[PDB]
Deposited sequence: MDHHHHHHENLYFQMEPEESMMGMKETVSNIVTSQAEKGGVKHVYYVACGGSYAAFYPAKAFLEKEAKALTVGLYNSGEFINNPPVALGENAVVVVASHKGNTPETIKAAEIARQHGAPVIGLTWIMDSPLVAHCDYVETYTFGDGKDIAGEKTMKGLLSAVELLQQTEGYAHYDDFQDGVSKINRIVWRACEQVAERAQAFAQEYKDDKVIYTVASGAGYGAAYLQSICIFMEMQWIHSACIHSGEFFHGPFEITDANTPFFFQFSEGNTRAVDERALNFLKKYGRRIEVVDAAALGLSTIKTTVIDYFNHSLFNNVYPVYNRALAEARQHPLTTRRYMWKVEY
């Protein structure tokens, strides 16, 4: 909704006399780091005069970019608003004169004292996807772009935000039966690989981790689809995220390659889960929200079918 739009115009206004916004930095740890992958992929694809950088909090605070200053905006995210590195990150940005936006569920958290602006997001079961953390990240990018250089697909993006909640809740319904089978076939497999490309790749990275948290044997690789174009194919099975949008052809090629070597593949296809009502101008950017919110159906069924590391959302 209207929070991000207003935050960003505040920033645009405030920095206009100092040469404007030229750099965006997404800084987080844990699951928040993966969840900003769509925003980076957006600005890399769509911007001509905005740099984007995606940083682990620890990297950021020990090795801040030279361009960190009054022409930069820093978006940080911490679920509980208590992540020391992320807090320092916000601190270091303010010391350099960069406006900071914080994403948190907790408005009273220590993080809030170190951000010029705070945006919150929906969370938990039956959340409205349109306002989820990943979507606020992306909306920061789309507004920063819209309000500095213009974004030709702004309306199509809002259309997409208006459709994604219903798409996602219907899709969780649609995969319940299949989720059952899935957990039958895979409950004994010790390791599983995930495969993805494009703006949704972060969601497959997180799925890799949910798996390791379940198996507790070896942290799986998350493999980029583009590694399955050519032989040689260098019995672990594959959880395949089949994207909609401009990297669908990369994924299709990879799936065909995996089929040819007779591998075991669980395919989750955005095209078959209702994502295709979102226009092709912007659909790239909604794979994450889809996959990230459908993989729980599969994970719960995997857990029902047979070291406690508390993850950072």
Which deposited-sequence positions, grouped into ranges, are missing C-alpha coordinates?
-> 1-20, 255-258, 331-338
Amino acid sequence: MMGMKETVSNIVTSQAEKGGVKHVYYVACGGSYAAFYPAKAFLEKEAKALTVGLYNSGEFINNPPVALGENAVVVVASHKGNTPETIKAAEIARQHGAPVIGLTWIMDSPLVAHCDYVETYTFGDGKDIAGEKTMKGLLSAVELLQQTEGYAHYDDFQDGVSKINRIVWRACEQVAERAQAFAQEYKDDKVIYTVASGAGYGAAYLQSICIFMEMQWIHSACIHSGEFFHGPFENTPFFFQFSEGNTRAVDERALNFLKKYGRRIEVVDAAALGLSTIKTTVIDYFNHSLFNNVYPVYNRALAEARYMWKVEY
From here on, numbers count along this sequence of modelled residues.
Does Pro232, which is modelled here, drop out in at least a third of the other compared PDB entries?
-> yes
Of 139-147 and 123-131, the stretch whose C-alpha atoms average the higher B-factor in the entry = 123-131
Ranked by mean Cα B-factor in the entry, 247-255 and 39-47, top stretch is 247-255
Reading the B-factor column of the entry, which of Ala89, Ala72, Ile101, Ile218 has the highest value at its C-alpha atom?
-> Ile218
At the C-alpha atoms, which of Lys80, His224, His96, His153 reaches the highest B-factor in this entry?
-> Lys80
Place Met4 in the lowest, middle or highest third of its chain's C-alpha B-factors, as listed in the PDB entry.
-> middle
Among all modelled residues of this chain, ranked by Cα B factor, put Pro65 in the bottom, middle or top third, i.e. lowest, middle or highest.
-> lowest
Among the modelled residues of its chain, does the C-alpha B-factor of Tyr33 lie in the lowest, middle or highest third?
-> middle
Chain thirds by Cα B factor, record data; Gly200 belongs to the lowest
Chain-relative CA temperature factor third for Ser289 | lowest
